[PDB]
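One structure is given here, and the rest of the page talks about it.
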Amino acid sequence: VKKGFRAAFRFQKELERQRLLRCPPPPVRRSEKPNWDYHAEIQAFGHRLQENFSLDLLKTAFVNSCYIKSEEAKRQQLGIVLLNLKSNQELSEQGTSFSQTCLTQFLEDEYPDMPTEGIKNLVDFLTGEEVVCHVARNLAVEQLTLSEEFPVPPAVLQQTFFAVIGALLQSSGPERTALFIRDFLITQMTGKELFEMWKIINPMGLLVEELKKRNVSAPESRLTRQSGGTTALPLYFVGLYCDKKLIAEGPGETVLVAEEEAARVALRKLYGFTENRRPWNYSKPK
Amino acid sequence: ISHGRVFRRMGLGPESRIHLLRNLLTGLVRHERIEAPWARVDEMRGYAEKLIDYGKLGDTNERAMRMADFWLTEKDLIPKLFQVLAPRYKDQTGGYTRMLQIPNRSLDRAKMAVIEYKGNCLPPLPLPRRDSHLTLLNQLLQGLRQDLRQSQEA
Amino acid sequence: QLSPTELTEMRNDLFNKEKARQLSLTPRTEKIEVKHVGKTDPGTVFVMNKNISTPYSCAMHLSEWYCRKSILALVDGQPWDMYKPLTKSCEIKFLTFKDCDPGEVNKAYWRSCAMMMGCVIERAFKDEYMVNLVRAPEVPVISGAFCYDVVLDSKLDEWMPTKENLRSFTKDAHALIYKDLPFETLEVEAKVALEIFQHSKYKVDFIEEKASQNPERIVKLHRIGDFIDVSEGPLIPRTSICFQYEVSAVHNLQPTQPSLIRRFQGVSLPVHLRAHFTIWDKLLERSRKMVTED
Amino acid sequence: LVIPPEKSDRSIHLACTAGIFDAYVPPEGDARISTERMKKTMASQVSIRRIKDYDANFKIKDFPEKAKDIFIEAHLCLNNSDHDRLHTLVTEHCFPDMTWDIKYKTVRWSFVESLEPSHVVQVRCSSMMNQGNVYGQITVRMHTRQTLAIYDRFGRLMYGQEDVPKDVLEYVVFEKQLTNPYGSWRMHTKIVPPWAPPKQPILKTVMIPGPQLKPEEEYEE
Amino acid sequence: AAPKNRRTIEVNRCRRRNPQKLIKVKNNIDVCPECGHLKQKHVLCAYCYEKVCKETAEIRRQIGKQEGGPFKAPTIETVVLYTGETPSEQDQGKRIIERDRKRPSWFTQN
Amino acid sequence: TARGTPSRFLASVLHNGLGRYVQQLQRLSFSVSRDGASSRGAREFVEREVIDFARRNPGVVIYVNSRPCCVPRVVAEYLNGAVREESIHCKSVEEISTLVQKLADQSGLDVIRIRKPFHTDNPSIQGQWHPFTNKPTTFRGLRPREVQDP
Amino acid sequence: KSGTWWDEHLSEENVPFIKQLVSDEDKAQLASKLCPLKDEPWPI
Amino acid sequence: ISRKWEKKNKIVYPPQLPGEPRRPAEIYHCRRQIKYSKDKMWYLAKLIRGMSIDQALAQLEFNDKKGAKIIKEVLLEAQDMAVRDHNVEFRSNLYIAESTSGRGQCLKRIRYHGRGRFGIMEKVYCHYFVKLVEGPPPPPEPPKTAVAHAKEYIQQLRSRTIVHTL
């Protein structure tokens, strides 16, 4: 038994760390953790985004329907009106409706050649749960969200995020809110491809219909390049020709796959979603 | 190079091998069922078959009596050989003994076998029996056998 | 009328409807005492659930050897399917292929492979041709093969399957063996059976014949996968029991004037009694010869 | 372990008896209702008087209500394995019976309703000064609806159902140490009539093995 | 000779856990039809052989009592009889061994 | 070393700085000791530096808790969820201010090896190189030693 | 899964029959090749 | 010493929800201070690993090693323990989930050599650990096929990027 206290104390902390790794505690709300002031965090939420939020509207944005019902249930259990708390359903509807119209306006102006089917899917992608929740979690919306179940369900978190936009819509107006949507939802299409966001089936069939609307003859598929045809690792470049003029070309391991890829390349050029297209202009409007 | 060697190497030498088999053979005649290591029983089995052949020569044969005198260390078994075992197999030209393998010995995990003279008074060994003729495979072959005999007569 | 794909779906729903109907008749989980009267492990008593537990579940209490070796069960001196739920306290005995007198087991295996072949025949021909299963004749095992009476479309009147066609049936049957589908048995009233097989004239006559013999007019229905057929008696538990299976030949029964009845034939052996390559060829030759029930 | 070391002034202090002084056999057909009577009542009255000697402020009429509360709280302790409180509600003869078989099992017991008010059927006391202690046992007839749902070690349903109450008619025996100033009425045991209906069957199936015979032995009918 | 270096556990595991040094699963195990216990195909059942040996030991003890000493081997055949049995015509003139038990079912009288 | 430690590619949080810049630091939790000698610099920071620092960072919530402690620490929490705890034990006011300012400027991503000192979602504009980029085409696409119209 | 041999499951009656059956077939097959020049021989 | 294996049978799980799947019964049993070598016991423990309860007993019964009887006795008392105490319906519905040997406390003795020299021998002891899980034994992993190899190789070729560039 060696004399001392610091070495024993230091080893105890190491054992505590190992015990946490072996049996991780369940995640809990940041509000339940120490060093939390909800009023202070609400004000900093607006200041980080450089937006002049209204405190009355912003607080109601994070109040969900499930939280209100759970709060009412707890009062009944304890036998304890003062609970006239307004939910975020009204703000979310305003926020969701404005966001879809704002995103549609941005995409129509940026890609006039894109049909309404393509624009709708892009708007649905940007407003989808996967994209919205990823933005909401990294903007500290989840911490301020008042929900019955933790972690906040993606359906509930998405409703909360659009409630914040709805609260910002009344606080600042449509012109200021459009920049907020542009700075956080439009940016999500940075490296994403057109068909990585707009999933389609049988692109060749859709390509033929587009050319008919443009009074262009049906494309002809021909092999422009070929390598290792009889081997297990082939390469094929199928080119689409309209009136014996090349419109697109695509590689693939098989003729069928390469031909399908060429149709996708043709659709990207027609719709303006080329990889080397003009980048989005994030500069301040003149 | 043990090509063509039919005799095992057991005991302390050639003479010790005979004495070891003789003690097993003497025990086999008295009890008509003994158990021993499989190799020793298999080696002794050949001598047990030929001992009965000497018994069929009769006690009046000097050579048979001398052979029975040597291989039966207990002299009360000599009358038994010529008057019990030999008359028992009068109508048999061979197959006097049956050798079966029993589970390994508990001590040294040695391969053990049981050898007995057929027709003894002791309770029968659990002899292995082939599948019954009423099984699915045997019924199909029986039907095939009947078909061939019918065609042969026709 | 109904398409062949829809015809199976209607039968399965009716089959499951009756099966769940019989399940609800059981009040809670009533206990039954099943006494083991077999040679091995004598005096064993199984406290099983009425109308739920099966003789296979009783075998699971003993060991894995009972589960693998037992092919048919003997309940109160009567043959009983391994997966047929027990309905009352009784005495149970397990039968194997290697018994002294495995007469009941041989009948069950032959009645089971005939059903397997019947499933192959129905799904083998194209949708253009119509296939109607008649029955599974009860031929002795010593006859060398099991047979199944099948009536095809009038178009296939002058057509005889080739050697490759026979090998096609064998591959389909081996696929059924690979699936390892247990034989599900269900005893229903005659009225329920007629509704299931109302689209086939031959089955209706067959069901009526079985119902007439029994005073209560109850028939036995067996199913593997999606194929439902009426069987003359108990069957083997699972299709995995069969190891060597082959369709030998097809013969046209006489007289052909009323209708052309084709008798598919084949020979099979279980895993426990698999034969050598040389011997199996000899049994194939005998199975190709036409067999006449007596 | 049977007997402590010999020649010791200190002796083991028992807080309850090992059995019932006089078993109360309920009349046959009592469940259908849901000279000798006077003799049993007179014997009960004598034991009541001795009980009232140690505790003057004791009423027979209030006991069935008190017994009902003890019965409910004692079984509710099994749900949360509150063994500390259970010892104050049941005797040392009753504690092993309740808890030994549920040590590694989850028990969900609840009280729904009382079909018939509890009636005291027998009050009796032990022989005076058995070892300086006098015990009094009271048997209470209970006909109530209860719900039981026992789960095994892995949280799988094992016995009973969680939402279906069933009628229970049992005779609960209570006991108190009269000589002990701090003694209190606690559950002692239960009486199972021979005519009681069998309990509900268990969920799983059980195999009862036959005799294990040595090779020398043979099976007999 | 002595090892030049210590052999590591990684090297030792490869040698020790090689399939040549691992126990091989046996496939010749089957259930004895008479008693239900396990046995090998080429080996007599342990349970049944013990059953025969137990009865054989009892018979041999009774043989010694009649002989009453060494070198007392009879010059006639031997027949074992049980309770409720009498010598047959073919058993006349043979030594009789009596067992105070009912004849086992598997011990067929000849 | 690099092999014995994890690695990642250069990236940002929600494409920060593309549309607008959002300060990734979200919360600072200080633990100072009223009487602790090792917390002398921490107390000096709270008296005169933390008030001005809060003015310049309205988006960061700073919690100063005065409790007995031998090793004062500051906990930084970022928007992406990363939590970083730094010790200010026996640090002067200037050293603490430099450390606090360093935490505010970081994005919150793990401080580990970065494989590439650059990141781009569109590395190519004219088209990524493939083996047929600089290979001329032949008439009818005939392969070498191929006969046409046999 | 257990290994098997040709006469494992054969009964007492079948073993002599199977041995006779295969032996007769082998002799018949060998006797059928005794005239190679009468069975379409290859050019000499 | 450590006796954590005996404490693994005392874990009481919360009751399952009506929709939750059936949880297989887990039984932990062991024998302490076996007069056998852990190296020799490992082969027997490795042999029955993954087998069913009945197949493991069959293999051990006809094994000439001394530890085969010891392990078989442990399985027999573990199989009875499952049905009697751990609420297992069918005693044959078990398989060997875990089975391994561990070193036990050993005694040191002196072995005499020539020329007045000696060596220290140890009286080796070992522990046997077994875990039984209710249900049919898991199927063995099928061998990797040519299709799997080709699919994996193509996936490797489709995951390579241009390194040391943008």
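Chains here go by letter, A, B, C, D, E, F, G and H, matching the order in which they are written, and residues are numbered from 1 within each.
Please note the rule applied: a contact is a pair of C-beta atoms (placed from the backbone, for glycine too) under 8 Å apart; a residue touches a chain by one contact, two chains touch by 3 or more.
Counted as hops between touching chains, the shortest connection from chain C to chain G is 1. Looking at D-E and C-D side by side, the one with more C-beta contacts is C-D.
Relative to the centroid of every protein C-alpha atom shown, the closest chain centre, again from C-alpha atoms, is found for H. Remark: chain D and chain F have CA centroids separated by 69 Å (rounded to whole angstrom).
A separation of 70 Å divides the Cα centre of chain C from that of chain F. Taking the mean of the C-alpha atoms as each chain's centre, chain B and chain F sit 90 Å apart. Rounded to a whole number, the gap between the C-alpha centres of chain E and chain F is 80 angstrom. Residue positions of chain C with contacts to 2 or more other chains are 41, 57, 61-62, 65, 98, 273, 275, 279, 282. Residue numbers of chain A whose C-beta contacts span two or more other chains: none are found. In chain H, the residues touching two or more other chains are 91. The touching residues of chain E, when paired with chain G in their complex, are 27-28, 30. Residues 215-216, 218 of chain D are the ones that touch chain E when the two sit in their complex. Residue ranges on chain H touching chain F, taken from their complex, read 165-166. Residue ranges on chain E touching chain H, taken from their complex, read 16-17, 21-23, 25-26, 29, 38, 40. Per the touch definition, chain E reaches chain B in the complex via residues 34, 42-46, 48-49, 52, 55-56, 59-60, 70-80, 97, 104, 106-108.
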